[PDB]
């Protein structure tokens, strides 16, 4: 579930692999994709494919490499889900942002790169998208249903580059009060855009989830593409 031979060195010397999709026509902008809690798995490969079909290059780094390199879990298997929760529980968010900065730098310098980098993250990756956005390491960032955004409101004013977030209005991770704090809080920084999908919960854009909502995924996906388009040379 990784591209053989790719090895990226992080800030502390830790190295990790990635799934890479080179673009149909180069140079192109590169999208770094931040994984869900399941590792670099099927849905990641499908995301990679999709973006390449849309004209981008894409890199999906192995964020779990600090705990167990190459993990790729099937969200449909009970035992694999348990393992995914355990890995999520022990994930170091700070180190995850550092690894993403390393993949972003890597992305900026590939031969097929136009120099522009966006980041698209889903769930653990959607929370990471916000954090990378507040660090300013990418030209544009997109987060789909990040968990815990309500606890990072103090970083709102730090965001200096555009970031778009797609959030389900029935997502149990974001009960009503949390929804209000995010809305109001993100509302203060025009570089931040948040869209709520009323009848969708978590994972609404992943076909294999029972939470899949075709209409919400389709509109969130088109808004994502529109938002990333400006990165196109």
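Positions refer to the first chain, counted from 1.
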Of 102-110 and 149-157, the one with larger mean CA B-factor: 149-157
Mean temperature factor over C-alpha atoms, higher-scoring stretch between 192-200 and 56-64: 192-200
Residue with highest C-alpha B-factor in the PDB entry, from 39, 29, 175, 168: 175
Residue with highest C-alpha B-factor in the PDB entry, from 225, 19, 24, 216: 24
Record-listed C-alpha B factor of residue 49: chain third: middle
Chain thirds of CA B-factor: placement of residue 231: middle
Residue 181 - which third its CA temperature factor falls in, relative to the rest of the chain: highest
Third of chain Cα B-factors occupied by residue 1: highest
Chain thirds of CA B-factor: placement of residue 90: middle
